[PDB]
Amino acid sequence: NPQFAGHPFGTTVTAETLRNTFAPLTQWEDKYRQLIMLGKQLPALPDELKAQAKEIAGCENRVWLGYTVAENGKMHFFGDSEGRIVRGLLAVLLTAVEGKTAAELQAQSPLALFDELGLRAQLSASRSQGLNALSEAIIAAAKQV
């Protein structure tokens, strides 16, 4: 059951974990501060490991997203970001989709956890190119299975 480019999101860091962290936060600046903290739990992905994920490029910031199906028949997602803010957004996203089947991922509305945590309308980073591409790549991946 170890996975390629392992991360805690969806297993040890849960939607419940995140709701507890984020629900008390009403100031936009503190939301960015906690995104930055959260992204520290996503391990750095060495150059050699990036080349097995899809580069979801953009002007300002490189983000990687890759996936596979685990021995339990559930999708496993992995990735990295250079910017620390987008790394936190990536962790939120990994929390939403890790260990879901293709079917469950087609059932889920894009970025719903971000609305739940008060992140989507409130932070412009949430509505930026980087995160919308990431969202699209999950959809693409769920279809491709």
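Just count from 1 along the sequence shown to find any residue number.
- Judged by mean Cα B factor in the deposited record, 99-107 ranks above the other of 99-107 and 38-46.
- Checked against the record, the higher mean CA B factor of 108-116 and 79-87 lies with 108-116.
- Split the chain's modelled residues into thirds by C-alpha temperature factor. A133 is in the highest one.
- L65 sits in the middle third of its chain by CA B factor, as recorded in the PDB entry.
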